[PDB]
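Take a look at this single chain, the form deposited without the partner chain, given in structure tokens.
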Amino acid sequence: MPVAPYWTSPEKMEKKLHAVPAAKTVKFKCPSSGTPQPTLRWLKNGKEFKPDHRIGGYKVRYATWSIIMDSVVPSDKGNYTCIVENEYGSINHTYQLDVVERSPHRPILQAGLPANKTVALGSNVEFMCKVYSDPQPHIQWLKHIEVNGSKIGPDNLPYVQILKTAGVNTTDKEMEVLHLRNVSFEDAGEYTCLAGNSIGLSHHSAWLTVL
């Protein structure tokens, strides 16, 4: 009873796009059937896909009509097509793999920013702070203050003045640059850029010298 290949479990193929964090094991299934029993081959981006194409290779369980890849990395990113075929026909299905590399560590500020600035009384200075964080970082700008001689208080924490704080009222858009319009000898002092996530906290400081 000649039969061209056909999908036996189309329900298990609805998820065309596979997005995952790097290092995850990926398995693509193309449950099909037909008589005579069809052949199963895969293609990475439309080309022949041999197991030496990736470290550790990959396993093809024919009884499952699937392909499995361990610890997927960005180079694995791409389209994979299964081709089930026999003498009376062939069927194919493509999956899209997308691997994301995370970063479970506190925010990282670009070294060198903000940078110390020396300017003339009345100038318009603006500081920068380039942050990097996988999980959303909470940025904030501070100025260090002296109440008498001390820049540090009773509790041994530095006195500060919160100048900018990210949030709905101040979107990340404007959080990377601190604007100081028309300075004065008063504005001189240390300015700090703080950034933190649930993992940890980071901060870079710079000094504003006015003359």
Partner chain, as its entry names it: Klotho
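Numbering follows the first chain given and starts at 1.
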| message | Is it the case that at least a third of the other compared entries omit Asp52, given both of its neighbours are modelled there? | response | no
| message | Considering only other entries where residues before and after it are modelled, is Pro154 without coordinates in at least a third? | response | yes
| Mean C-alpha temperature factor, higher of 158-166 and 30-38 | 30-38
| note | The stretch whose C-alpha atoms carry the larger average B-factor in the entry, 12-20 or 189-197, is 12-20
| task | Select lowest, middle or highest to describe the third in which the CA B-factor of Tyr132 falls within its chain in this entry. | result | lowest
| said: Which third, lowest, middle or highest, does the C-alpha temperature factor of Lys143 belong to within its own chain? | reply: lowest
| If you rank every modelled residue in this chain by C-alpha B factor, which third holds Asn116: lowest, middle or highest? | middle
| task | Relative to the other modelled residues of the same chain, rank the CA B-factor of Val125 and answer lowest, middle or highest third. | result | highest
| If you rank every modelled residue in this chain by C-alpha B factor, which third holds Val183: lowest, middle or highest? | highest
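In what follows, reference is made to the form solved in complex with the partner chain, a form of this protein that is not presented.
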| field | 4.5 Å heavy atom contact with the partner chain in the deposited complex for all of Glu48, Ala63 and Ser90 | value | no
| said: With the partner left out here, check for me: in the deposited complex, does some heavy atom of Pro154 sit within 4.5 Å of the partner chain? | reply: yes
| request: With heavy atoms only and a cut-off of 4.5 Å, decide whether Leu163 touches the partner chain in the deposited complex. | output: yes
| query | Going by a heavy atom distance of 4.5 Å, is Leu43 a contact of the partner chain in the deposited complex? | reply | no
| query | Quick one: is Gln140 in contact with the partner chain in the deposited complex, heavy atoms, 4.5 Å cut-off? | reply | yes
| field | Residues from 131-151 in contact with the partner chain (non-hydrogen atom within 4.5 Å) in the deposited complex | value | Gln140, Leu142, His144, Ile145, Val147
| Among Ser103, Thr35, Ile145, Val73, which sits at the hinge of the chain's rigid-body turn between this form and the one not shown? | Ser103
